[PDB]
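In structure tokens, one chain follows: the form deposited without the named molecule.
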């Protein structure tokens, strides 16, 4: 119903705990959620009292993907202009999260499907419950994986695993997701919150500027030659010298 209600958050000990807030719709990404998430992330980003952001979900799912009724079906009804506007709302918030000024953690307790892979990749670190499920079920509906999820699978997992994942549309458990490096770790659901809290409260004790430069450097040197990456990392250290 109300756009302002699709996303919730709490600041606790300098950690922004941000939640998808459509628990009855498996936290599907509707245009309303896409606009509100950009709004929340934008307002939190440069707060001097927010050192780390955690992205979680209300109810049994983390994020079941794009809301096919509001996002794919209802949008296309107003044509190209509608499709493009709704596309831009989803892509721009995934990008703002991916390049966030503060370190970002995905806390993935349940369903993570399709167009949820964008936000999953946009989080620097990711912790799953064993009972979480990760899947690209789009092949079974006759479409390509949502929201660049193919590129997410290829940049995080071994090529053979990404290929099976996309082609067969079967789910990975929390443990399998960790094993194939889609996420950092898997643990029982009742341990997840405390491990994430511990990771978040460790990062806020570091120099926040250093953590930003260091996480951007990992993402960036992935797309350079070794020889270009060496010169780049020196140029980044020079810029870090100026922020600090």
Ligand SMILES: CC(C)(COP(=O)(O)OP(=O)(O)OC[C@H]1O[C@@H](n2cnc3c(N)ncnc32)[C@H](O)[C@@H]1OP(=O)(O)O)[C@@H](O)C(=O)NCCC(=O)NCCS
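Numbering follows the first chain given and starts at 1.
Engineer: Check the entry's C-alpha temperature factors for 63-71 and 210-218, then say which stretch has the higher mean.
Structural biologist: The stretch with the larger average C-alpha B-factor is 63-71.
Engineer: Name the higher of the two by mean Cα B-factor in the PDB entry, 93-101 versus 133-141.
Structural biologist: Per the PDB record, 133-141.
Engineer: Which one, 164, 127, 111, 121, has the peak C-alpha temperature factor per the PDB entry?
Structural biologist: Largest recorded C-alpha B-factor: 111.
Engineer: Using the B-factor values recorded in the entry, state whether the Cα atom of residue 34 falls in the lowest, middle or highest third among the modelled residues of its chain.
Structural biologist: Residue 34: CA B-factor falls in the middle third of its chain.
Engineer: Looking at the entry's B-factor column for C-alpha atoms only, identify whether residue 226 ranks in the lowest, middle or highest third of its chain.
Structural biologist: According to the entry, residue 226 has a C-alpha B-factor in the chain's lowest third.
Engineer: For residue 204, does the deposited CA B-factor place it in the lowest, middle or highest third of the chain?
Structural biologist: CA B-factor rank for residue 204: highest third.
Engineer: In terms of the CA temperature factor given in the entry, to which third of its chain does residue 181 belong: lowest, middle or highest?
Structural biologist: Within its chain, residue 181 is a lowest-third residue by C-alpha B-factor, going by the deposited values.
Engineer: Ranking the modelled residues of this chain by C-alpha B-factor as given in the entry, is residue 9 in the lowest, middle or highest third?
Structural biologist: Ranked within chain, residue 9 CA B lands in the highest tercile.
The same protein also has a form deposited with the named molecule bound, omitted here; what follows describes it.
Engineer: Place the named molecule, as positioned in the deposited bound form, onto this chain through superposition of its site C-alphas, and say whether the site is open or blocked according to the 2.4 Å backbone and C-beta criterion (3 or more atoms for blocked).
Structural biologist: Pocket open on this form.
Engineer: Would you say all of 44, 99 and 103 touch the named molecule in the deposited bound form, counting a heavy atom within 4.5 Å as a touch?
Structural biologist: Not one of the three qualifies.
Engineer: Can you tell me whether residue 114 touches the named molecule? I mean in the deposited bound form, with a 4.5 angstroms heavy atom cut-off.
Structural biologist: Judged by the heavy-atom cut-off of 4.5 Å, residue 114 is in contact with the named molecule in the deposited bound form.
Engineer: Verify the contact flag for residue 215: yes if a non-hydrogen atom of it lies within 4.5 Å of a non-hydrogen atom of the named molecule in the deposited bound form, no if not.
Structural biologist: Close contact is absent here: in the deposited bound form, residue 215 is far from the named molecule, nothing within 4.5 Å, heavy atoms only.
Engineer: Hey, in the deposited bound form, is residue 24 touching the named molecule, heavy atoms inside 4.5 Å?
Structural biologist: Flag for residue 24 set to yes.
Engineer: Is there any non-hydrogen atom of residue 68 lying within 4.5 Å of the named molecule in the deposited bound form?
Structural biologist: Contact with the named molecule, yes.
Engineer: Just give me the single entry in 55, 64, 196, 177 that has a non-hydrogen atom within 4.5 angstroms of the named molecule in the deposited bound form.
Structural biologist: Looking at 55, 64, 196, 177 one by one, just 64 meets the 4.5 Å heavy-atom criterion.
Engineer: Of 182, 28, 37, 192, which one comes within 4.5 Å of the named molecule in the deposited bound form, counting heavy atoms only?
Structural biologist: The residue from 182, 28, 37, 192 that makes the contact is 28.
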